[PDB]
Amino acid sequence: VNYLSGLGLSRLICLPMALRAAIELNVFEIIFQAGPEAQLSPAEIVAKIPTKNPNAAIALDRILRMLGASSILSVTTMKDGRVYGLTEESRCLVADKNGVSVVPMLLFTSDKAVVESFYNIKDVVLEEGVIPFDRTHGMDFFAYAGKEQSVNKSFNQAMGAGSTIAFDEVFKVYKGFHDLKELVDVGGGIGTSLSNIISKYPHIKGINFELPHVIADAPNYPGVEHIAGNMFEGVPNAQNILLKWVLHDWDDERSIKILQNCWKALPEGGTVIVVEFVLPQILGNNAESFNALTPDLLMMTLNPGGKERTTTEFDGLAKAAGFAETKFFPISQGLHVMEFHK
């Protein structure tokens, strides 16, 4: 064996940090403004970065060439040096006409508090009942967000941006919100999901049900009523309930408790609309696989037994909580809408 071949595995820790830097330096917007297909030199990019550092372009090229070699940026090698463009992935770091991109999510998932917890992810293998975040920070993630405003904001903005992205794709495929008149969003974040839904379907009365520290941070979105509560104690009586990126935070026992409380709050013809990525039974080097494995490891490090689930497992949760039927609506690259029918 030639062990030199292994030293390059250190690239894996370099790459997320290079990406974080490029995000914070506004690289992706700068490239995009030259044209979605544009490729720019380091000097052309630095022209739009506020810096008086004469070495800025050389330094930036060191970051960008690692991203390009790793296929996070497109690259063309010219006689005068490299030029850099966007990929299908990194184009998503550019704000849309509404100011929305994946940037808030990517900055949250490499935030210091998250990364510090990741050093203890092996403890979930070694020790029963240990949550890496709780061990690293002394309390559970949601309590910590309630105590630390900068994490509350980083997290709430990450979820909000992800919500607009998710619902922009949901509405291309799934029409089920059209027939609803009222929707309680259990664990609905700062209300962005409901604002998206009510923007598309303005006849819907939307109730965001959340922890006090989240509703305190929430914008006064038109049509959205914010109510504080604890979903483990109960949820408001509701014609229909939305549960997005909530069940994957919790182990099966807590997920069933949430769903039972939803069952209790719903009428006979009521539905829980679940929005999650779905873990494929067959994992590979593809987007549906990584779109589940990525949040799965974030759940493993951050949350109380949280995990991503297969279709079979979601159906099992629904049935264990009293729902008679599950309907699955694949949206895009693993994201699903699921209806739990009572």
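Position 1 is the first residue in the sequence shown; the rest follow in order.
S.K.: Looking at the deposited entry, does 217-225 or 157-165 carry the larger mean Cα B-factor?
M.R.: Mean C-alpha B-factor is greater for 217-225.
S.K.: Name the higher of the two by mean Cα B-factor in the PDB entry, 30-38 versus 303-311.
M.R.: Taking the mean B-factor of the alpha carbons in each, 30-38 is higher.
S.K.: Tell me, please, which of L247, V272, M78, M231 has the highest C-alpha B factor according to the deposited entry?
M.R.: It is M78.
S.K.: Quick one: which of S193, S110, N208, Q149 has the biggest Cα B-factor according to the entry?
M.R.: Result of the comparison over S193, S110, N208, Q149: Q149.
S.K.: Looking at the entry's B-factor column for C-alpha atoms only, identify whether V337 ranks in the lowest, middle or highest third of its chain.
M.R.: Lowest third of the chain for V337's C-alpha B-factor.
S.K.: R135's Cα B-factor: lowest, middle or highest third of the chain?
M.R.: For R135, whose C-alpha B-factor we compare with every modelled residue in the chain, the answer is the highest third.
S.K.: Just say lowest, middle or highest third for the CA B-factor of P50 relative to the other modelled residues in its chain.
M.R.: It belongs to the highest third of the chain when residues are ordered by C-alpha B-factor.
S.K.: Once the chain's modelled residues are ordered by C-alpha B factor and cut into thirds, is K200 in the lowest, middle or highest one?
M.R.: For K200, whose C-alpha B-factor we compare with every modelled residue in the chain, the answer is the middle third.
S.K.: Determine, from the deposited record, the chain-internal third of the Cα B-factor for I241: lowest, middle or highest.
M.R.: Middle third, going by the recorded CA B-factors of the chain.
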